[PDB]
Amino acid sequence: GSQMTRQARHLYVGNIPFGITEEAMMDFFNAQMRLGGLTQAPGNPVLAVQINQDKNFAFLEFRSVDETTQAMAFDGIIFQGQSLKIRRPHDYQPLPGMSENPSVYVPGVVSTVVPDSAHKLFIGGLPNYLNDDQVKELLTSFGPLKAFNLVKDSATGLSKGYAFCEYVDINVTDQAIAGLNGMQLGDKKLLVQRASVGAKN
């Protein structure tokens, strides 16, 4: 369809695996939607994927407004080691009577949106070659995460060596600090503290 028609029928997907094909991306999201019970009709909700490989993002094109909205619940899903960053197009406008936010939660998926808050953590000193899944697994031993993002270099996809997170249980925050702060990992030592402590400004 037209560009206007696509505003409510596609999503931005950032942090995509290097070298993934459009077909493999499409098959992944169709499988996740179908196997998660998140379709509104028989068949595949995702019609196409357009990748910008040099800029490390894709747009997923859906056949329906409601399926596009529900797919926002996959923000943070791990695929080939990467946490996919799912967002609305910047020009999205809510449509009359159509939900702006997903209605159903997808078990296991940890959001990449980590707002500044009392118990948001900064994790610094990570070896830059560890991927999102590996860092997530390091943090999850203390308890389940509500949100997590590993900061990547825009040009290499390598990490910048630091991440942010928020635990489901606010009390896990201090347990994760106690366990991980000062821990040797590679040639590095981790720094783990509430992000408000060292935030620039």
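In this text, residue numbers run from 1 along the sequence as written.
Colleague: Would you tell me which stretch averages the higher CA B-factor in the PDB entry, 77-85 or 91-99?
Modeller: Per the PDB entry, the higher value belongs to 91-99.
Colleague: If you average the Cα B factors in the entry, which is higher, 19-27 or 189-197?
Modeller: Between 189-197 and 19-27, it is 19-27.
Colleague: Given 146, 63, 34, 160, identify the residue with the highest C-alpha B factor in the PDB entry.
Modeller: So the option with the highest C-alpha B-factor is 160.
Colleague: From 174, 54, 67, 132, pick the one with the largest CA B-factor in the entry?
Modeller: Most elevated C-alpha B-factor of the set, per the entry: 54.
Colleague: Is the Cα B-factor recorded for residue 109 in the lowest, middle or highest third of its chain?
Modeller: Answer is middle: the recorded C-alpha B-factor places it there.
Colleague: In terms of the CA temperature factor given in the entry, to which third of its chain does residue 165 belong: lowest, middle or highest?
Modeller: Its C-alpha B-factor belongs to the lowest third of this chain's values.
Colleague: If you rank the chain by CA B-factor, which third does residue 155 end up in: lowest, middle or highest?
Modeller: As the PDB entry reports it, the C-alpha B-factor of residue 155 lands in the highest third of its chain.
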